[PDB]
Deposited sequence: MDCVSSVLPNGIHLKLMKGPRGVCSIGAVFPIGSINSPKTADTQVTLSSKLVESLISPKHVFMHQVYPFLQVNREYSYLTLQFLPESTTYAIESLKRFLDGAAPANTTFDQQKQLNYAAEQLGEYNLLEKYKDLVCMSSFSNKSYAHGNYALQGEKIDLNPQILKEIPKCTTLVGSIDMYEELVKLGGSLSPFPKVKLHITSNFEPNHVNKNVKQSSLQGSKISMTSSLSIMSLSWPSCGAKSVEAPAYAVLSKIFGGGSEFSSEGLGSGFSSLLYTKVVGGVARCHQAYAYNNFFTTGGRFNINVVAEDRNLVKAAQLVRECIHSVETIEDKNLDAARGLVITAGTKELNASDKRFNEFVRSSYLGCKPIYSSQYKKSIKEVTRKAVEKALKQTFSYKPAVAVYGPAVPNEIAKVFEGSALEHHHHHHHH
């Protein structure tokens, strides 16, 4: 990494590493929560992105790999290309940061793709976990806005957020794109806006996203489309915390698989249960440690009991286990993800130092403070959420 600040106040962050593939992008604190409803932000930025590239033909002809990632509190755009495409990439990034609303016709196309997201394979289990965690574990009801519209619901263009991107953009890129970015940021207006971004407080709500899944998802006849998903959320820490390595470790102890304690006691434990995973999700100022279970609707309560059984188990944990966890823990996309969050990249030498350096103190501490809370409970399916909640007392 190489930080700079421009003449006009614009932050610029460069990825060190070899030449070959060129990288440019923009990261900025506008996410799904900055629009009145689900998908509003997503479709707005998608529209803007597709206009900025002129056409899919131009994208193709220059061999440019664009990536747009819209999160709850923040979003990023990345472009990857070979040096002979620099002009088109830079110009396309420039158009994206120009404040101009995309034409309605484009919005209507993007709306169509959005409504078809599950069918097209853009709305997988990872995406559903995030949605479930965000509609359940926040005091603020804005976090419930995801990126993928329900079949019954409106999606509107948010032209205000387009005006705001240039006013809060940090630029990102590979080291060899220094000159080109300095000039691009040079063209943005002085000086970047400064808002206070506080991640909303933990609340253990109980919710259902009770919705039919498509049979076909991408090219797969989904083996999970008839099962339910249960998400259990507890508060953890922000990416910048000194406890964040401890929590990464704690997630791997729990672990999980399809067909580690979540594998052995939860996937092994309930028959007709596809998979069970524990993840740690960081936000601007907070975290959510979450455990997810794909099982038959009727099996969710039993599954919860095995997770409670699983939490219990972590106090009396061996060093063989505690070392395995330390062990077990588009690289530009990680550079950008971890550039906003202000932390150390998952691939960096410093990050894996931290992982070696987690005590058993740190882990049991993290366990104690996290599981002290009543979990938030979300269901993709018709399962009564308070029933699963009862399991936790």
Unmodelled intervals of the deposited chain, in order: 1-2, 262-272, 343-354, 419-431
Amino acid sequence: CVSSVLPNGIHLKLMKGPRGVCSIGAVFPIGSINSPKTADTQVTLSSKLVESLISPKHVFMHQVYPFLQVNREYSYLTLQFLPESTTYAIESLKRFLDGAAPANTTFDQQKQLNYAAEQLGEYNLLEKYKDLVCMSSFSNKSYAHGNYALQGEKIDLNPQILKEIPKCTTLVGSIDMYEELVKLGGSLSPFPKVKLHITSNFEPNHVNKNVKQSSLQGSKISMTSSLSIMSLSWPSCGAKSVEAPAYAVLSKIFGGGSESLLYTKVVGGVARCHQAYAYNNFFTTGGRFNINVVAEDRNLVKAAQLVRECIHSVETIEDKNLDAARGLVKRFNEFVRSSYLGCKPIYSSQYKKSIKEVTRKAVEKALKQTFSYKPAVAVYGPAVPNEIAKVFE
From here on, numbers count along this sequence of modelled residues.
Greater mean Cα temperature factor according to the PDB record, 90-98 or 274-282: 274-282
Mean Cα B-factor comparison, 303-311 or 157-165, giving the higher one as deposited: 303-311
Top Cα B factor in the deposited entry, candidates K48, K353, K37, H58: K353
Selection from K130, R298, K220, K183 [criterion: highest C-alpha temperature factor in the record]: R298
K344, C-alpha B-factor rank within chain (lowest, middle or highest third): highest
Among modelled residues of the same chain, the CA temperature factor third for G25: lowest
Lowest, middle or highest third - CA B-factor, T44: lowest
Third of the chain's Cα B-factor distribution that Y247 belongs to, per the entry: middle
Third of chain Cα B-factors occupied by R288: middle
